[PDB]
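Chemist: I'd like to ask you about the structure that follows.
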Amino acid sequence: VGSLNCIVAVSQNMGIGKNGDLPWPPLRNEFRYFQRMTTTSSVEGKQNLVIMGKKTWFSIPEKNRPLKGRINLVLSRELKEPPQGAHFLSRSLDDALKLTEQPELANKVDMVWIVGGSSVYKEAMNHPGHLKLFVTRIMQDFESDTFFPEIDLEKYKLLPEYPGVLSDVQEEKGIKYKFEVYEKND
Ligand SMILES: NC(=O)c1ccc[n+]([C@@H]2O[C@H](COP(=O)([O-])OP(=O)(O)OC[C@H]3O[C@@H](n4cnc5c(N)ncnc54)[C@H](OP(=O)(O)O)[C@@H]3O)[C@@H](O)[C@H]2O)c1
Ligand SMILES: CCc1nc(N)nc(N)c1OCCCOc1ccccc1C[C@H](C)C(=O)O
Ligand SMILES: [Cl-]
């Protein structure tokens, strides 16, 4: 099993969601970036694992669930079985990561990507060990009801460049944004 990563897109006021949708209008290349980063595996014959909370699962359109080309895992203590379309369900991130040590996942999974929401990012960012945060800074305020926790800059380093990730300002639909990559190893 490869590296542990978070990936998020976040507005200037730290928002990540609104009424079960993104706070901003659709940004095609931000979506393409999310898809390519979470799908691309360094290892032949393996797929990456995407871990998400229950609300994030149901925020994906039914036609696009489960996320194609990736193994999907949902977090919930209320659900008794993985939701329709999913095959894995854990009560916590700690349980999900321990599940990657069992043969049904250990042989199949390369990278692990946490894709939201708020409480999943919170558990991951405090998880000990090597972690990277792939953070898209949307350079505007948007009305939000779900937020990204502030990054502890005493634990994380901001990388000036990361391989395959453009470091310049992006713009779509009048909205500027930037791809950032943070890293820690405690
Ligand atoms: N901009 C982005 O990058 C991004 C990414 C993802 C989602 N979103 C948007 O954010 C919103 C959804 O995110 P959200 O924060 O509201 O909810 P969420 O984390 O996806 O789902 C919350 C539910 O999932 C379970 N859960 C979450 N964290 C858990 C943990 N560490 N351990 C065990 N269970 C956990 C709990 O379910 P139970 O109550 O059943 O236990 C919780 O009620 C939507 O608006 C979505 O469009 C944005
Ligand atoms: C692109 C947004 C994003 N970007 C970054 N960088 N990291 C994230 N974790 C993140 O969330 C992705 C959650 C998965 O959403 C999918 C996935 C496939 C199809 C449709 C949706 C729902 C769309 C986004 C909506 O809600 O409109
Ligand atoms: Cl921050």
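In the structure tokens, chains take letters A, B, ... by order of appearance, with residues numbered from 1 within each chain and ligands from 1 in the order shown.
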Which residues of chain A have any atom within 8 Å of an atom in ligand 1 when counting only C-alpha atoms and all ligand atoms, and what is the closest pair of atoms for each, with the distance in Å to one decimal? Order the rows by chain and rising number and write it as a Markdown table.

Modeler:
```
| residue | atom | partner | partner_atom_place_in_ligand_line | distance |
| --- | --- | --- | --- | --- |
| A:7 | CA | ligand 1 | 3 (O) | 6.6 |
| A:8 | CA | ligand 1 | 3 (O) | 3.5 |
| A:9 | CA | ligand 1 | 3 (O) | 3.9 |
| A:10 | CA | ligand 1 | 1 (N) | 5.4 |
| A:15 | CA | ligand 1 | 1 (N) | 7.3 |
| A:16 | CA | ligand 1 | 1 (N) | 3.8 |
| A:17 | CA | ligand 1 | 45 (O) | 3.4 |
| A:18 | CA | ligand 1 | 45 (O) | 4.8 |
| A:19 | CA | ligand 1 | 45 (O) | 5.7 |
| A:20 | CA | ligand 1 | 45 (O) | 3.5 |
| A:21 | CA | ligand 1 | 47 (O) | 3.6 |
| A:22 | CA | ligand 1 | 47 (O) | 4.6 |
| A:23 | CA | ligand 1 | 45 (O) | 7.6 |
| A:52 | CA | ligand 1 | 20 (O) | 5.8 |
| A:53 | CA | ligand 1 | 20 (O) | 3.4 |
| A:54 | CA | ligand 1 | 24 (O) | 3.8 |
| A:55 | CA | ligand 1 | 21 (O) | 3.7 |
| A:56 | CA | ligand 1 | 20 (O) | 3.6 |
| A:57 | CA | ligand 1 | 20 (O) | 6.5 |
| A:59 | CA | ligand 1 | 47 (O) | 5.2 |
| A:60 | CA | ligand 1 | 47 (O) | 7.5 |
| A:74 | CA | ligand 1 | 24 (O) | 7.7 |
| A:75 | CA | ligand 1 | 34 (N) | 4.4 |
| A:76 | CA | ligand 1 | 41 (O) | 3.7 |
| A:77 | CA | ligand 1 | 41 (O) | 3.7 |
| A:78 | CA | ligand 1 | 40 (O) | 4.0 |
| A:79 | CA | ligand 1 | 40 (O) | 5.8 |
| A:90 | CA | ligand 1 | 33 (C) | 7.2 |
| A:91 | CA | ligand 1 | 33 (C) | 4.9 |
| A:92 | CA | ligand 1 | 32 (N) | 3.7 |
| A:93 | CA | ligand 1 | 31 (N) | 5.4 |
| A:115 | CA | ligand 1 | 5 (C) | 5.5 |
| A:116 | CA | ligand 1 | 6 (C) | 3.9 |
| A:117 | CA | ligand 1 | 19 (O) | 3.5 |
| A:118 | CA | ligand 1 | 15 (O) | 3.9 |
| A:119 | CA | ligand 1 | 28 (N) | 4.2 |
| A:120 | CA | ligand 1 | 28 (N) | 4.2 |
| A:121 | CA | ligand 1 | 31 (N) | 7.5 |
| A:122 | CA | ligand 1 | 31 (N) | 7.2 |
| A:123 | CA | ligand 1 | 31 (N) | 5.3 |
| A:124 | CA | ligand 1 | 31 (N) | 7.8 |
| A:136 | CA | ligand 1 | 3 (O) | 8.0 |
| A:145 | CA | ligand 1 | 45 (O) | 7.6 |
| A:146 | CA | ligand 1 | 16 (O) | 5.4 |
| A:147 | CA | ligand 1 | 15 (O) | 7.0 |
```

Chemist: Which residues are near ligand 3 - at most 8 Å, using only C-alpha atoms and all ligand atoms? Format: as a list in words.

Modeler: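 The residues within 8 Å of ligand 3, counting only C-alpha atoms and all ligand atoms, are residues 14, 148, 149, 150, 151 and 152 of chain A.
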
Chemist: In terms of the shortest atom-to-atom distance over only C-alpha atoms, which of A:6, A:64, A:46, A:137 is closest to residue A:105?

Modeler: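 Among the listed residues, A:46 lies closest to residue A:105.
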
Chemist: Which one of A:29, A:170, A:185, A:102 sits closest to ligand 2 if you count only C-alpha atoms and all ligand atoms?

Modeler: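 Smallest separation from ligand 2 among the options: A:29.
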
Chemist: Restricting the calculation to only C-alpha atoms and all ligand atoms, which member of A:112, A:96, A:125, A:27 is positioned closest to ligand 2?

Modeler: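 The closest residue to ligand 2 is A:27.
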
Chemist: Here is a test: counting only C-alpha atoms, which residue of A:140, A:159, A:5, A:68 is nearest to residue A:171?

Modeler: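 The shortest atom-to-atom distance to residue A:171 comes from A:140.
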
Chemist: Once DSSP has gone over the backbone, tell me which residues of chain A are in alpha helix (DSSP H), as a PDB file with N, CA and C atoms, in the first residue's frame.

Modeler:
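selection-v8.pdb was written with the following content:
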```
ATOM      1  N   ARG A  28     -14.299  22.877 -14.758  1.00  0.00           N
ATOM      2  CA  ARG A  28     -14.002  21.640 -15.479  1.00  0.00           C
ATOM      3  C   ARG A  28     -12.591  21.139 -15.185  1.00  0.00           C
ATOM      4  N   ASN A  29     -11.599  22.024 -15.249  1.00  0.00           N
ATOM      5  CA  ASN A  29     -10.240  21.527 -15.080  1.00  0.00           C
ATOM      6  C   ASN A  29      -9.900  21.219 -13.632  1.00  0.00           C
ATOM      7  N   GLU A  30     -10.580  21.843 -12.671  1.00  0.00           N
ATOM      8  CA  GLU A  30     -10.405  21.420 -11.285  1.00  0.00           C
ATOM      9  C   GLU A  30     -10.935  20.006 -11.099  1.00  0.00           C
ATOM     10  N   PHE A  31     -12.081  19.713 -11.708  1.00  0.00           N
ATOM     11  CA  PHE A  31     -12.610  18.356 -11.698  1.00  0.00           C
ATOM     12  C   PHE A  31     -11.643  17.388 -12.378  1.00  0.00           C
ATOM     13  N   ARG A  32     -11.147  17.754 -13.561  1.00  0.00           N
ATOM     14  CA  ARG A  32     -10.209  16.881 -14.263  1.00  0.00           C
ATOM     15  C   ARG A  32      -8.966  16.618 -13.426  1.00  0.00           C
ATOM     16  N   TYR A  33      -8.458  17.655 -12.755  1.00  0.00           N
ATOM     17  CA  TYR A  33      -7.315  17.500 -11.855  1.00  0.00           C
ATOM     18  C   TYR A  33      -7.629  16.507 -10.741  1.00  0.00           C
ATOM     19  N   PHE A  34      -8.771  16.689 -10.065  1.00  0.00           N
ATOM     20  CA  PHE A  34      -9.178  15.754  -9.015  1.00  0.00           C
ATOM     21  C   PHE A  34      -9.247  14.328  -9.545  1.00  0.00           C
ATOM     22  N   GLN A  35      -9.881  14.146 -10.706  1.00  0.00           N
ATOM     23  CA  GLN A  35     -10.010  12.810 -11.285  1.00  0.00           C
ATOM     24  C   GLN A  35      -8.646  12.203 -11.588  1.00  0.00           C
ATOM     25  N   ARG A  36      -7.784  12.959 -12.271  1.00  0.00           N
ATOM     26  CA  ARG A  36      -6.494  12.399 -12.664  1.00  0.00           C
ATOM     27  C   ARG A  36      -5.616  12.105 -11.453  1.00  0.00           C
ATOM     28  N   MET A  37      -5.591  12.998 -10.460  1.00  0.00           N
ATOM     29  CA  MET A  37      -4.714  12.784  -9.313  1.00  0.00           C
ATOM     30  C   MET A  37      -5.149  11.563  -8.509  1.00  0.00           C
ATOM     31  N   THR A  38      -6.454  11.409  -8.274  1.00  0.00           N
ATOM     32  CA  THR A  38      -6.910  10.271  -7.479  1.00  0.00           C
ATOM     33  C   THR A  38      -6.945   8.971  -8.267  1.00  0.00           C
ATOM     34  N   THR A  39      -7.033   9.020  -9.600  1.00  0.00           N
ATOM     35  CA  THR A  39      -7.090   7.776 -10.367  1.00  0.00           C
ATOM     36  C   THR A  39      -5.710   7.228 -10.738  1.00  0.00           C
ATOM     37  N   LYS A  54     -19.993   9.806   4.282  1.00  0.00           N
ATOM     38  CA  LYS A  54     -21.293   9.453   3.716  1.00  0.00           C
ATOM     39  C   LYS A  54     -21.892  10.593   2.899  1.00  0.00           C
ATOM     40  N   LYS A  55     -21.811  11.826   3.402  1.00  0.00           N
ATOM     41  CA  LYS A  55     -22.422  12.934   2.671  1.00  0.00           C
ATOM     42  C   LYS A  55     -21.695  13.197   1.357  1.00  0.00           C
ATOM     43  N   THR A  56     -20.372  13.026   1.345  1.00  0.00           N
ATOM     44  CA  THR A  56     -19.609  13.192   0.107  1.00  0.00           C
ATOM     45  C   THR A  56     -19.991  12.131  -0.921  1.00  0.00           C
ATOM     46  N   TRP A  57     -20.143  10.877  -0.481  1.00  0.00           N
ATOM     47  CA  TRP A  57     -20.648   9.832  -1.371  1.00  0.00           C
ATOM     48  C   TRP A  57     -21.952  10.260  -2.040  1.00  0.00           C
ATOM     49  N   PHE A  58     -22.946  10.671  -1.254  1.00  0.00           N
ATOM     50  CA  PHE A  58     -24.223  10.990  -1.874  1.00  0.00           C
ATOM     51  C   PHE A  58     -24.206  12.314  -2.624  1.00  0.00           C
ATOM     52  N   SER A  59     -23.165  13.135  -2.452  1.00  0.00           N
ATOM     53  CA  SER A  59     -23.067  14.349  -3.251  1.00  0.00           C
ATOM     54  C   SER A  59     -22.590  14.067  -4.672  1.00  0.00           C
ATOM     55  N   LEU A  93     -11.677   6.439   9.899  1.00  0.00           N
ATOM     56  CA  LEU A  93     -10.503   6.383   9.032  1.00  0.00           C
ATOM     57  C   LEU A  93      -9.495   5.367   9.553  1.00  0.00           C
ATOM     58  N   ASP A  94      -9.320   5.312  10.877  1.00  0.00           N
ATOM     59  CA  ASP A  94      -8.404   4.335  11.456  1.00  0.00           C
ATOM     60  C   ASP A  94      -8.788   2.918  11.049  1.00  0.00           C
ATOM     61  N   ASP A  95     -10.080   2.586  11.115  1.00  0.00           N
ATOM     62  CA  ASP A  95     -10.541   1.271  10.674  1.00  0.00           C
ATOM     63  C   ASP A  95     -10.303   1.069   9.183  1.00  0.00           C
ATOM     64  N   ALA A  96     -10.576   2.093   8.370  1.00  0.00           N
ATOM     65  CA  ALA A  96     -10.368   1.964   6.931  1.00  0.00           C
ATOM     66  C   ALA A  96      -8.907   1.688   6.608  1.00  0.00           C
ATOM     67  N   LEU A  97      -7.989   2.393   7.271  1.00  0.00           N
ATOM     68  CA  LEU A  97      -6.573   2.178   6.984  1.00  0.00           C
ATOM     69  C   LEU A  97      -6.120   0.801   7.448  1.00  0.00           C
ATOM     70  N   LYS A  98      -6.641   0.326   8.583  1.00  0.00           N
ATOM     71  CA  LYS A  98      -6.309  -1.034   8.996  1.00  0.00           C
ATOM     72  C   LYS A  98      -6.870  -2.052   8.009  1.00  0.00           C
ATOM     73  N   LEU A  99      -7.990  -1.726   7.373  1.00  0.00           N
ATOM     74  CA  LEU A  99      -8.575  -2.630   6.394  1.00  0.00           C
ATOM     75  C   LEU A  99      -7.660  -2.815   5.183  1.00  0.00           C
ATOM     76  N   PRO A 103      -6.070  -8.973   2.969  1.00  0.00           N
ATOM     77  CA  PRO A 103      -5.762  -9.371   1.584  1.00  0.00           C
ATOM     78  C   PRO A 103      -6.717  -8.818   0.545  1.00  0.00           C
ATOM     79  N   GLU A 104      -7.976  -8.553   0.901  1.00  0.00           N
ATOM     80  CA  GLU A 104      -8.903  -8.047  -0.107  1.00  0.00           C
ATOM     81  C   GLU A 104      -8.505  -6.668  -0.619  1.00  0.00           C
ATOM     82  N   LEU A 105      -7.721  -5.907   0.145  1.00  0.00           N
ATOM     83  CA  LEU A 105      -7.263  -4.597  -0.301  1.00  0.00           C
ATOM     84  C   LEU A 105      -5.754  -4.498  -0.470  1.00  0.00           C
ATOM     85  N   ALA A 106      -4.977  -5.197   0.366  1.00  0.00           N
ATOM     86  CA  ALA A 106      -3.523  -5.050   0.345  1.00  0.00           C
ATOM     87  C   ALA A 106      -2.938  -5.395  -1.014  1.00  0.00           C
ATOM     88  N   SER A 118     -15.424  17.282   5.762  1.00  0.00           N
ATOM     89  CA  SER A 118     -14.731  18.010   6.820  1.00  0.00           C
ATOM     90  C   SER A 118     -14.158  17.080   7.885  1.00  0.00           C
ATOM     91  N   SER A 119     -14.996  16.206   8.445  1.00  0.00           N
ATOM     92  CA  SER A 119     -14.550  15.341   9.538  1.00  0.00           C
ATOM     93  C   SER A 119     -13.565  14.274   9.073  1.00  0.00           C
ATOM     94  N   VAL A 120     -13.604  13.897   7.798  1.00  0.00           N
ATOM     95  CA  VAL A 120     -12.606  12.950   7.307  1.00  0.00           C
ATOM     96  C   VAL A 120     -11.251  13.641   7.190  1.00  0.00           C
ATOM     97  N   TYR A 121     -11.233  14.861   6.638  1.00  0.00           N
ATOM     98  CA  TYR A 121      -9.990  15.631   6.589  1.00  0.00           C
ATOM     99  C   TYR A 121      -9.421  15.849   7.982  1.00  0.00           C
ATOM    100  N   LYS A 122     -10.289  16.155   8.947  1.00  0.00           N
ATOM    101  CA  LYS A 122      -9.835  16.371  10.316  1.00  0.00           C
ATOM    102  C   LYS A 122      -9.140  15.129  10.872  1.00  0.00           C
ATOM    103  N   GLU A 123      -9.737  13.943  10.683  1.00  0.00           N
ATOM    104  CA  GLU A 123      -9.109  12.729  11.213  1.00  0.00           C
ATOM    105  C   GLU A 123      -7.796  12.442  10.490  1.00  0.00           C
ATOM    106  N   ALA A 124      -7.755  12.676   9.184  1.00  0.00           N
ATOM    107  CA  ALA A 124      -6.550  12.375   8.412  1.00  0.00           C
ATOM    108  C   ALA A 124      -5.412  13.330   8.743  1.00  0.00           C
ATOM    109  N   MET A 125      -5.702  14.631   8.814  1.00  0.00           N
ATOM    110  CA  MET A 125      -4.622  15.597   8.992  1.00  0.00           C
ATOM    111  C   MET A 125      -3.939  15.454  10.339  1.00  0.00           C
TER     112      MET A 125
END
```

Chemist: Using only C-alpha atoms, pick whichever of A:184, A:63, A:176, A:87 has the shortest atom-to-atom distance to residue A:158.

Modeler: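 Of A:184, A:63, A:176, A:87, the one nearest residue A:158 is A:184, counting only C-alpha atoms.
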
Chemist: Name the closest residue to residue A:66 among the candidates A:85, A:182, A:154, A:49; distances are taken between atoms, counting only C-alpha atoms.

Modeler: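 Ranking A:85, A:182, A:154, A:49 by distance to residue A:66, first place goes to A:85.
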
Chemist: So how many Å separate atom CA of residue A:160 and atom CA of residue A:180, to one decimal?

Modeler: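 Going from atom CA of residue A:160 over to atom CA of residue A:180, I get 8.0 Å.
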
Chemist: With DSSP run on the backbone, what are the strand (DSSP E) residues within stretch 1-174 of chain A? I'd like them as a ChimeraX atom specification.

Modeler: /A:4-11,15-17,47-53,71-75,89-90,109-114,130-138,146-147,157-159,170-172
